[PDB]
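File shown here: input.txt, holding compact mmCIF, N, CA, C and O atoms.
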```
# COMPACT_ATOMS: atom_id res chain seq x y z
N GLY A 1 -6.88 -10.69 -34.81
CA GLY A 1 -7.12 -9.51 -34.01
C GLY A 1 -5.91 -9.12 -33.18
O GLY A 1 -5.76 -9.58 -32.05
N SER A 2 -5.05 -8.28 -33.74
CA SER A 2 -3.84 -7.84 -33.05
C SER A 2 -4.15 -7.52 -31.59
O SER A 2 -3.52 -8.06 -30.68
N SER A 3 -5.11 -6.64 -31.37
CA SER A 3 -5.50 -6.24 -30.02
C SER A 3 -6.83 -5.49 -30.03
O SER A 3 -7.27 -5.00 -31.07
N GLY A 4 -7.46 -5.40 -28.87
CA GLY A 4 -8.73 -4.70 -28.76
C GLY A 4 -9.30 -4.76 -27.36
O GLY A 4 -9.83 -5.79 -26.94
N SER A 5 -9.21 -3.65 -26.64
CA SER A 5 -9.72 -3.58 -25.28
C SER A 5 -9.78 -2.13 -24.79
O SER A 5 -9.05 -1.27 -25.28
N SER A 6 -10.65 -1.87 -23.83
CA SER A 6 -10.81 -0.53 -23.28
C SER A 6 -11.18 -0.59 -21.80
O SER A 6 -11.79 -1.55 -21.33
N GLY A 7 -10.80 0.45 -21.06
CA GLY A 7 -11.10 0.50 -19.64
C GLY A 7 -11.11 1.92 -19.10
O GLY A 7 -10.51 2.20 -18.06
N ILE A 8 -11.80 2.81 -19.80
CA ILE A 8 -11.89 4.20 -19.38
C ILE A 8 -12.61 4.33 -18.04
O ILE A 8 -13.81 4.10 -17.95
N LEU A 9 -11.86 4.71 -17.01
CA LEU A 9 -12.42 4.87 -15.68
C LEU A 9 -11.62 5.88 -14.87
O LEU A 9 -10.43 5.69 -14.62
N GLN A 10 -12.28 6.96 -14.46
CA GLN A 10 -11.63 8.00 -13.67
C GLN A 10 -11.48 7.58 -12.22
O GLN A 10 -12.09 6.60 -11.78
N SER A 11 -10.66 8.31 -11.47
CA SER A 11 -10.42 8.01 -10.06
C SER A 11 -10.04 9.26 -9.29
O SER A 11 -9.69 10.29 -9.88
N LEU A 12 -10.10 9.18 -7.97
CA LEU A 12 -9.76 10.31 -7.11
C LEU A 12 -9.27 9.83 -5.75
O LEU A 12 -9.99 9.16 -5.02
N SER A 13 -8.03 10.19 -5.41
CA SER A 13 -7.44 9.79 -4.14
C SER A 13 -7.74 10.83 -3.06
O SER A 13 -7.92 12.01 -3.35
N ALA A 14 -7.78 10.38 -1.81
CA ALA A 14 -8.05 11.27 -0.69
C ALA A 14 -6.77 11.89 -0.15
O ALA A 14 -6.75 13.06 0.24
N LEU A 15 -5.70 11.11 -0.15
CA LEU A 15 -4.40 11.58 0.33
C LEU A 15 -3.33 11.41 -0.73
O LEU A 15 -3.56 10.78 -1.77
N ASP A 16 -2.14 11.96 -0.47
CA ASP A 16 -1.03 11.86 -1.40
C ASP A 16 -1.04 10.51 -2.12
O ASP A 16 -0.98 10.45 -3.35
N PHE A 17 -1.12 9.43 -1.35
CA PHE A 17 -1.14 8.09 -1.91
C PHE A 17 -1.91 7.13 -1.00
O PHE A 17 -1.84 7.23 0.22
N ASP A 18 -2.64 6.20 -1.62
CA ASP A 18 -3.42 5.23 -0.87
C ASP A 18 -2.58 4.00 -0.53
O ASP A 18 -1.74 3.56 -1.32
N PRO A 19 -2.80 3.44 0.67
CA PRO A 19 -2.07 2.26 1.14
C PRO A 19 -2.45 1.00 0.38
O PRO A 19 -1.59 0.28 -0.12
N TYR A 20 -3.75 0.75 0.28
CA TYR A 20 -4.25 -0.43 -0.43
C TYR A 20 -3.73 -0.46 -1.86
O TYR A 20 -3.33 -1.51 -2.36
N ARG A 21 -3.74 0.69 -2.52
CA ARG A 21 -3.27 0.80 -3.90
C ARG A 21 -1.78 0.50 -3.98
O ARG A 21 -1.32 -0.16 -4.92
N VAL A 22 -1.03 0.99 -3.01
CA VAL A 22 0.42 0.78 -2.97
C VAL A 22 0.75 -0.70 -2.82
O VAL A 22 1.45 -1.28 -3.65
N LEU A 23 0.25 -1.30 -1.75
CA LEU A 23 0.50 -2.72 -1.48
C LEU A 23 -0.07 -3.59 -2.59
O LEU A 23 0.48 -4.63 -2.93
N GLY A 24 -1.19 -3.15 -3.17
CA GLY A 24 -1.82 -3.90 -4.24
C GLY A 24 -2.92 -4.81 -3.74
O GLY A 24 -3.04 -5.95 -4.17
N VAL A 25 -3.73 -4.30 -2.81
CA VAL A 25 -4.83 -5.08 -2.25
C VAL A 25 -6.12 -4.26 -2.21
O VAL A 25 -6.11 -3.05 -2.43
N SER A 26 -7.23 -4.93 -1.93
CA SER A 26 -8.53 -4.27 -1.87
C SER A 26 -9.10 -4.34 -0.46
O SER A 26 -8.52 -4.96 0.43
N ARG A 27 -10.25 -3.70 -0.26
CA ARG A 27 -10.91 -3.68 1.04
C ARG A 27 -11.09 -5.10 1.57
O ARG A 27 -10.96 -5.35 2.77
N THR A 28 -11.40 -6.03 0.67
CA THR A 28 -11.60 -7.42 1.05
C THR A 28 -10.37 -7.99 1.74
O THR A 28 -10.46 -8.94 2.51
N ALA A 29 -9.21 -7.41 1.45
CA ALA A 29 -7.96 -7.85 2.04
C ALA A 29 -7.91 -7.55 3.54
O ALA A 29 -8.16 -6.41 3.95
N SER A 30 -7.61 -8.56 4.34
CA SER A 30 -7.54 -8.40 5.78
C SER A 30 -6.09 -8.42 6.26
O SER A 30 -5.18 -8.75 5.51
N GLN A 31 -5.89 -8.06 7.53
CA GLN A 31 -4.55 -8.03 8.11
C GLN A 31 -3.70 -9.17 7.56
O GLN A 31 -2.48 -9.02 7.39
N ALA A 32 -4.33 -10.30 7.27
CA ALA A 32 -3.63 -11.46 6.74
C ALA A 32 -3.14 -11.19 5.32
O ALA A 32 -1.94 -11.23 5.05
N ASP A 33 -4.07 -10.93 4.41
CA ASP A 33 -3.73 -10.66 3.02
C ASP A 33 -2.76 -9.49 2.91
O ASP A 33 -1.77 -9.56 2.19
N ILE A 34 -3.05 -8.42 3.64
CA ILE A 34 -2.21 -7.23 3.63
C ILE A 34 -0.80 -7.55 4.14
O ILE A 34 0.19 -7.21 3.50
N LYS A 35 -0.74 -8.21 5.29
CA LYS A 35 0.54 -8.58 5.88
C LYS A 35 1.40 -9.37 4.89
O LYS A 35 2.49 -8.94 4.53
N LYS A 36 0.89 -10.52 4.46
CA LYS A 36 1.60 -11.36 3.51
C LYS A 36 2.02 -10.55 2.28
O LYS A 36 3.14 -10.70 1.78
N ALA A 37 1.12 -9.71 1.79
CA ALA A 37 1.40 -8.89 0.62
C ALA A 37 2.51 -7.89 0.91
O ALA A 37 3.33 -7.58 0.03
N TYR A 38 2.55 -7.38 2.14
CA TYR A 38 3.57 -6.42 2.54
C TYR A 38 4.95 -7.06 2.55
O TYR A 38 5.84 -6.67 1.79
N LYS A 39 5.13 -8.05 3.43
CA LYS A 39 6.40 -8.75 3.55
C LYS A 39 6.86 -9.27 2.19
O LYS A 39 8.03 -9.17 1.84
N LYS A 40 5.93 -9.84 1.44
CA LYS A 40 6.23 -10.38 0.12
C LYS A 40 6.80 -9.30 -0.80
O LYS A 40 7.77 -9.54 -1.52
N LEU A 41 6.20 -8.12 -0.75
CA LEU A 41 6.65 -7.00 -1.57
C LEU A 41 7.97 -6.44 -1.05
O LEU A 41 8.85 -6.06 -1.83
N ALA A 42 8.10 -6.38 0.27
CA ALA A 42 9.31 -5.86 0.90
C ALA A 42 10.49 -6.79 0.66
O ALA A 42 11.62 -6.33 0.46
N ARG A 43 10.23 -8.09 0.67
CA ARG A 43 11.27 -9.08 0.46
C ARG A 43 11.67 -9.14 -1.02
O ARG A 43 12.85 -9.19 -1.35
N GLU A 44 10.67 -9.14 -1.89
CA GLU A 44 10.91 -9.20 -3.33
C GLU A 44 11.52 -7.89 -3.83
O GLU A 44 12.57 -7.90 -4.48
N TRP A 45 10.87 -6.78 -3.52
CA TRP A 45 11.34 -5.47 -3.94
C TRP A 45 12.38 -4.93 -2.96
O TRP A 45 12.72 -3.75 -2.98
N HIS A 46 12.90 -5.81 -2.11
CA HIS A 46 13.90 -5.43 -1.13
C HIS A 46 15.14 -4.85 -1.81
O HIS A 46 15.62 -5.36 -2.82
N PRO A 47 15.67 -3.75 -1.25
CA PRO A 47 16.85 -3.08 -1.79
C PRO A 47 18.12 -3.90 -1.60
O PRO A 47 19.14 -3.64 -2.25
N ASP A 48 18.06 -4.89 -0.72
CA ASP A 48 19.20 -5.75 -0.45
C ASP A 48 19.65 -6.47 -1.72
O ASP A 48 20.84 -6.56 -2.00
N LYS A 49 18.68 -6.97 -2.48
CA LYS A 49 18.98 -7.68 -3.72
C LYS A 49 18.83 -6.75 -4.93
O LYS A 49 19.51 -6.92 -5.94
N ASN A 50 17.94 -5.78 -4.81
CA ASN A 50 17.70 -4.82 -5.89
C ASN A 50 18.87 -3.85 -6.02
O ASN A 50 19.25 -3.18 -5.06
N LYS A 51 19.44 -3.78 -7.22
CA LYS A 51 20.56 -2.89 -7.48
C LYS A 51 20.15 -1.75 -8.41
O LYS A 51 20.68 -0.65 -8.33
N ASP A 52 19.20 -2.03 -9.29
CA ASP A 52 18.71 -1.03 -10.24
C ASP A 52 18.24 0.22 -9.50
O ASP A 52 17.68 0.16 -8.41
N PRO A 53 18.47 1.39 -10.12
CA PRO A 53 18.08 2.68 -9.54
C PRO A 53 16.56 2.87 -9.53
O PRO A 53 15.93 2.92 -10.59
N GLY A 54 15.99 2.99 -8.34
CA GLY A 54 14.56 3.18 -8.21
C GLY A 54 13.93 2.18 -7.27
O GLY A 54 13.00 2.51 -6.53
N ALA A 55 14.42 0.95 -7.29
CA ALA A 55 13.90 -0.10 -6.42
C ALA A 55 13.60 0.43 -5.03
O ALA A 55 12.47 0.32 -4.54
N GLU A 56 14.61 1.01 -4.39
CA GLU A 56 14.45 1.56 -3.05
C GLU A 56 13.13 2.32 -2.93
O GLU A 56 12.28 1.97 -2.11
N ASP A 57 12.97 3.35 -3.74
CA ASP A 57 11.76 4.16 -3.73
C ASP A 57 10.53 3.30 -3.46
O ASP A 57 9.81 3.51 -2.48
N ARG A 58 10.30 2.32 -4.33
CA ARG A 58 9.16 1.42 -4.18
C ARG A 58 9.09 0.85 -2.77
O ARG A 58 8.07 0.96 -2.09
N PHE A 59 10.19 0.24 -2.33
CA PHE A 59 10.25 -0.35 -0.99
C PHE A 59 9.82 0.66 0.07
O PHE A 59 8.89 0.41 0.84
N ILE A 60 10.50 1.80 0.10
CA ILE A 60 10.19 2.85 1.07
C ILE A 60 8.68 3.08 1.16
O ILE A 60 8.14 3.25 2.25
N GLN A 61 8.02 3.07 0.01
CA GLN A 61 6.57 3.28 -0.03
C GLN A 61 5.83 2.05 0.48
O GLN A 61 5.02 2.14 1.40
N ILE A 62 6.11 0.90 -0.12
CA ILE A 62 5.47 -0.35 0.27
C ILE A 62 5.39 -0.46 1.79
O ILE A 62 4.35 -0.83 2.34
N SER A 63 6.49 -0.14 2.47
CA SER A 63 6.54 -0.21 3.92
C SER A 63 5.58 0.80 4.55
O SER A 63 4.90 0.50 5.53
N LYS A 64 5.54 2.00 3.98
CA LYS A 64 4.67 3.05 4.47
C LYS A 64 3.20 2.66 4.34
O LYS A 64 2.42 2.81 5.27
N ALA A 65 2.84 2.14 3.17
CA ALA A 65 1.46 1.72 2.91
C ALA A 65 0.96 0.79 4.01
O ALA A 65 -0.13 0.98 4.54
N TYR A 66 1.76 -0.21 4.34
CA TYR A 66 1.40 -1.17 5.38
C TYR A 66 1.42 -0.52 6.76
O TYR A 66 0.51 -0.72 7.56
N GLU A 67 2.46 0.27 7.02
CA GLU A 67 2.60 0.95 8.30
C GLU A 67 1.25 1.46 8.79
O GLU A 67 0.93 1.37 9.98
N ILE A 68 0.46 2.01 7.87
CA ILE A 68 -0.85 2.54 8.21
C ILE A 68 -1.81 1.43 8.61
O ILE A 68 -2.27 1.37 9.75
N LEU A 69 -2.11 0.54 7.66
CA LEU A 69 -3.01 -0.57 7.92
C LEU A 69 -2.47 -1.47 9.03
O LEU A 69 -3.11 -1.64 10.07
N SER A 70 -1.29 -2.04 8.80
CA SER A 70 -0.67 -2.92 9.78
C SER A 70 -0.97 -2.45 11.20
O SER A 70 -1.41 -3.24 12.04
N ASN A 71 -0.74 -1.17 11.46
CA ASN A 71 -0.99 -0.60 12.78
C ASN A 71 -2.49 -0.48 13.05
O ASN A 71 -3.24 0.00 12.20
N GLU A 72 -2.91 -0.93 14.23
CA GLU A 72 -4.32 -0.87 14.60
C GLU A 72 -4.79 0.57 14.73
O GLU A 72 -5.81 0.96 14.15
N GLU A 73 -4.05 1.37 15.49
CA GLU A 73 -4.39 2.77 15.70
C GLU A 73 -4.46 3.51 14.37
O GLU A 73 -5.44 4.21 14.08
N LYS A 74 -3.42 3.37 13.56
CA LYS A 74 -3.36 4.02 12.26
C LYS A 74 -4.51 3.56 11.37
O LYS A 74 -5.21 4.38 10.76
N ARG A 75 -4.70 2.25 11.28
CA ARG A 75 -5.76 1.68 10.46
C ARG A 75 -7.12 2.27 10.85
O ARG A 75 -7.81 2.86 10.01
N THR A 76 -7.49 2.10 12.11
CA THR A 76 -8.77 2.62 12.60
C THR A 76 -8.97 4.07 12.19
O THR A 76 -9.96 4.41 11.55
N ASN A 77 -8.02 4.92 12.56
CA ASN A 77 -8.10 6.34 12.24
C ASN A 77 -8.67 6.55 10.84
O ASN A 77 -9.69 7.21 10.66
N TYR A 78 -8.01 5.96 9.84
CA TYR A 78 -8.45 6.08 8.46
C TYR A 78 -9.95 5.82 8.34
O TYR A 78 -10.70 6.64 7.82
N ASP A 79 -10.37 4.66 8.83
CA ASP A 79 -11.78 4.28 8.78
C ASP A 79 -12.66 5.39 9.33
O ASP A 79 -13.62 5.82 8.68
N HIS A 80 -12.34 5.86 10.53
CA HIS A 80 -13.10 6.93 11.17
C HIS A 80 -13.32 8.09 10.21
O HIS A 80 -14.43 8.62 10.10
N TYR A 81 -12.27 8.48 9.51
CA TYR A 81 -12.34 9.58 8.55
C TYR A 81 -13.16 9.18 7.33
O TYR A 81 -13.67 10.03 6.60
N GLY A 82 -13.26 7.88 7.09
CA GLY A 82 -14.01 7.38 5.95
C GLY A 82 -13.53 7.97 4.64
O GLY A 82 -14.32 8.27 3.75
N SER A 83 -12.21 8.14 4.52
CA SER A 83 -11.62 8.70 3.31
C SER A 83 -12.20 10.08 3.01
O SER A 83 -12.51 10.40 1.87
N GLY A 84 -12.34 10.89 4.06
CA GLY A 84 -12.89 12.23 3.89
C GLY A 84 -11.94 13.30 4.39
O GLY A 84 -10.79 13.04 4.72
N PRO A 85 -12.44 14.55 4.45
CA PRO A 85 -11.65 15.69 4.92
C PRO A 85 -11.36 15.63 6.41
O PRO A 85 -12.26 15.40 7.22
N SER A 86 -10.09 15.82 6.77
CA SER A 86 -9.68 15.79 8.17
C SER A 86 -10.29 16.95 8.95
O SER A 86 -10.42 18.05 8.43
N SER A 87 -10.66 16.68 10.20
CA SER A 87 -11.26 17.71 11.05
C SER A 87 -10.45 18.99 11.01
O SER A 87 -10.98 20.08 10.77
N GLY A 88 -9.14 18.87 11.24
CA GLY A 88 -8.27 20.03 11.22
C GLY A 88 -7.33 20.03 10.04
O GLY A 88 -6.41 19.21 9.96
```

Entire entry expressed as structure tokens:
Amino acid sequence: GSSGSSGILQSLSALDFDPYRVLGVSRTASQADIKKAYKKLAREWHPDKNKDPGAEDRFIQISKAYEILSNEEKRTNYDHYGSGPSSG
């Protein structure tokens, strides 16, 4: 059996890009999992060692994804909105 698998599943994001999806974690992930995942991604995908064109892009995002969660104020805000339409 050379190959055989399927995973047809649609999706819909609330904002330009989701933080959890960027960092690569789920709701179950807590400040701990997210944090470690952030630094780990920032260090590994760090532009300091990365020379190939594009690496930076990823990093710039990875940092942004966490910036939201990492921050208490930012994190909470999201929850309040419940991934819905902003008041204004």

| In terms of the shortest atom-to-atom distance over only N, CA, C and O atoms, which of A:29, A:44, A:79, A:17 is closest to residue A:64? |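 Closest to residue A:64, using only N, CA, C and O atoms: A:17.
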
| task | Select, from A:43, A:87, A:35, A:58, the residue with the minimum atom-to-atom distance to residue A:70, counting only C-alpha atoms. | result |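 The closest residue to residue A:70 is A:35.
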
| task | Could you jot down the atom CA of residue A:68 to atom CA of residue A:19 separation for me, Å, one decimal place? | result | 7.2 Å

| task | Take atom O of residue A:86 and atom CA of residue A:27 and report the distance between them in Å, one decimal. | result |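 Between these atoms lies a distance of 23.0 Å.
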
| Quick one: of A:81, A:88, A:66, A:7, who's nearest to residue A:40, counting only C-alpha atoms? |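 Smallest separation from residue A:40 among the options: A:66.
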
| task | Show which residues sit within 7 Å of stretch 12-14 of chain A, as number ranges by chain. Count only C-alpha atoms, and ignore same-chain residues fewer than 2 positions away. | result | A: 17-18, 83-84

| alpha helix (DSSP H) call set, DSSP backbone run, stretch 21-65 of chain A, as a VMD selection string | chain A and resid 21 to 23 31 to 44 55 to 65

| When you draw a straight line from atom O of residue A:6 to atom O of residue A:21, how long is it in Å? | 19.5 Å

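In terms of minimum interatomic distance to residue A:61, A:22 ranks closest within A:8, A:22, A:15, A:37, counting only C-alpha atoms.
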
| message | At a cut-off of 8 Å, using all atoms listed in the file, what residues contact residue A:54? Leave out same-chain residues fewer than 5 positions from it and give the result as an MDAnalysis selection string. | response | chainID A and resid 45 59:60
